[PDB]
Trainee: 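Submitted below is the structure of interest, expressed as structure tokens.
For the numbers below, each heavy atom of this structure counts, side chains included, while hydrogens, waters and symmetry mates do not. In this chain, residues are counted from 1 in sequence order.
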Amino acid sequence: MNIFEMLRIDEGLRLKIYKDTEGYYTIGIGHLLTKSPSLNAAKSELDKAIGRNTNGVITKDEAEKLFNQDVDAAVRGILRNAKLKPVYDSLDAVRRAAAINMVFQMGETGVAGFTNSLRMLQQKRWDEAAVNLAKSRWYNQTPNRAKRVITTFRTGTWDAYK
Ligand SMILES: [Ar]
Ligand SMILES: [Ar]
Ligand SMILES: [Cl-]
Ligand SMILES: [Cl-]
């Protein structure tokens, strides 16, 4: 297992524009298009992203290409964030993938807001971190996914995904 497989399980794959858990227009493997309530606006953003007149539909390869860029951007966003980078560098491989999933889902910004959890992960206090991470809107709104990511940080293994 790895980051790609992990996120492919959490996000799914859809080839037509859809609304995510927050009601935002998305396509592919969790590629958010826009926070706007306009379907047209989402179609405009999709065309621009792909570089062709898609009409709300893409191929598997295009979805996978967006996905690669989004993983890459997430990692780079972590590395560029003063609050995140040090946490990240302190973690082992498995846990790093848990950190990436979270940023992919909620943005750098969002993640950089779990100050307390961040600190406990940096100190390797796994159980305490797991409990603090669960005290969040993230967990209350997408409890199944959150539990998988949380178990990942807790144990450092991929059992939640196997
Ligand atoms: Ar992180
Ligand atoms: Ar975190
Ligand atoms: Cl894009
Ligand atoms: Cl969920």
Trainee: Looking at every heavy atom in both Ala99 and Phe153, which two are closest together, and how far apart are they?
Mentor: N-CZ, 3.5 Å

Trainee: Does the gap between the ring centers of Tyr25 and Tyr18 come in under 6.0 Å?
Mentor: no

Trainee: Please determine whether a side-chain nitrogen of the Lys or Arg among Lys85 and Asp89 lies less than 4.0 Å from a carboxylate oxygen of the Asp or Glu.
Mentor: yes

Trainee: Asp159: which residues meet the side-chain hydrogen bond (donor to acceptor under 3.5 Å, both in side chains) condition with it, sequence neighbours left out?
Mentor: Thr157, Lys162

Trainee: Does NZ in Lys16 sit with more than 12 non-hydrogen atoms of other residues, nucleotides or ligands closer than 6.0 Å?
Mentor: yes

Trainee: Does anything in residues 103-127 form a salt bridge (charged side-chain N to carboxylate O under 4.0 Å, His left out)? List the pairs, not counting sequence neighbours.
Mentor: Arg125-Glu128

Trainee: Would you say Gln105's side chain and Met102's backbone share a donor-acceptor pair under 3.5 angstrom?
Mentor: no

Trainee: With a 4.5 Å heavy-atom cut-off, do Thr34 and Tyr24 have their side chains touching?
Mentor: no

Trainee: Assess, by modelled atom type and distance only, whether the side chains of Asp10 and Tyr161 contain a donor and an acceptor separated by less than 3.5 Å.
Mentor: yes

Trainee: If you measure from CG on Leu46 to CG on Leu39, what distance do you get to the nearest 0.5 Å?
Mentor: 10.0 Å

Trainee: Output, in order, the C-alpha distance, side-chain angles, deciding distance and verdict of side-chain contact (heavy atoms from CB on, under 4.5 Å) for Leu32 and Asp70.
Mentor: CA-CA 10 Å; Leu32 169 76; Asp70 292 345; over 6 Å; no

Trainee: Quick one: CG on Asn2 to CD1 on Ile100, what's the gap to the nearest 0.5 Å?
Mentor: 10.0 Å

Trainee: If hydrophobic clusters are built from ILVMFWY residues whose side chains come within less than 4.5 Å, do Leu7 and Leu13 share one?
Mentor: yes

Trainee: Do you know the tightest heavy-atom contact between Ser90 and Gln122?
Mentor: OG-CA, 4.1 Å

Trainee: Hey, does the side chain of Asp47 reach the backbone of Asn53 with a donor-acceptor pair shorter than 3.5 angstrom?
Mentor: no

Trainee: Mind checking whether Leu66 and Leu15 sit in one hydrophobic cluster, side chains of I, L, V, M, F, W, Y counted as touching below 4.5 Å?
Mentor: yes

Trainee: Is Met6 reachable from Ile9 through a run of hydrophobic residues whose side-chain heavy atoms are each under 4.5 Å from the next?
Mentor: yes

Trainee: Given 3.5 Å as the limit, does a donor-acceptor pair link the side chain of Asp92 with the main chain of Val94, or not?
Mentor: yes

Trainee: Is it the case that the side chains of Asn101 and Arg145 hold a donor-acceptor pair, with the cut-off being a distance below 3.5 Å and no angle test?
Mentor: yes

Trainee: Do you know the tightest heavy-atom contact between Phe114 and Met106?
Mentor: CE1-SD, 3.9 Å

Trainee: Measuring from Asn116:CG to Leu121:CG, what's the distance to the nearest 0.5 Å?
Mentor: 11.0 Å

Trainee: Is the shortest heavy-atom distance from the side chain of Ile58 to the side chain of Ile27 under 4.5 Å?
Mentor: yes

Trainee: Honestly, is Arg95 close enough over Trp126, meaning NZ or CZ under 6.0 Å from the six-membered ring centre and within 45° of the axis?
Mentor: yes

Trainee: Which heavy atom of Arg52 sits nearest a heavy atom of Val57, and at what distance?
Mentor: NH2-O, 3.7 Å

Trainee: So do the side chains of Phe4 and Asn68 get within less than 4.5 Å of each other, counting heavy atoms only?
Mentor: yes

Trainee: For side-chain contact (heavy atoms from CB on, under 4.5 Å), just list the numbers for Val103 and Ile78, CA-CA rounded to whole Å, side-chain angles, deciding distance to a tenth of an Å, and then say yes or no.
Mentor: CA-CA 8 Å; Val103 162; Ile78 279 167; 3.9 Å; yes

Trainee: Minimum heavy-atom separation for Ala63 to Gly28, with atom names?
Mentor: CB-CA, 4.0 Å

Trainee: May I ask you to decide if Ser117's main-chain N or O and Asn132's side chain share a donor-acceptor pair within less than 3.5 Å?
Mentor: yes

Trainee: Check whether NZ of the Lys or CZ of the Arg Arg96 lies under 6.0 Å from the centre of the six-membered ring of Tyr88 and within 45 degrees of that ring's axis.
Mentor: yes

Trainee: Give, for atom OG1 of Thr109 and atom CG of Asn81, the distance between the pair rounded to the nearest 0.5 Å.
Mentor: 8.0 Å

Trainee: Would you call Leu118 and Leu84 a side-chain contact if the rule is heavy atoms closer than 4.5 Å?
Mentor: yes

Trainee: Identify the heavy atoms of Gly23 and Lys19 that sit nearest to each other, and give their distance.
Mentor: O-CD, 3.4 Å

Trainee: Return yes if some donor-acceptor pair links the side-chain N/O of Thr142 with the main-chain N/O of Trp138 below 3.5 Å, else return no.
Mentor: yes

Trainee: When rounded to the nearest 0.5 angstrom, what distance separates CD in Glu45 from CG in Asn40?
Mentor: 11.5 Å

Trainee: How far does CG of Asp20 sit from CD of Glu11, to the nearest 0.5 angstrom?
Mentor: 8.5 Å

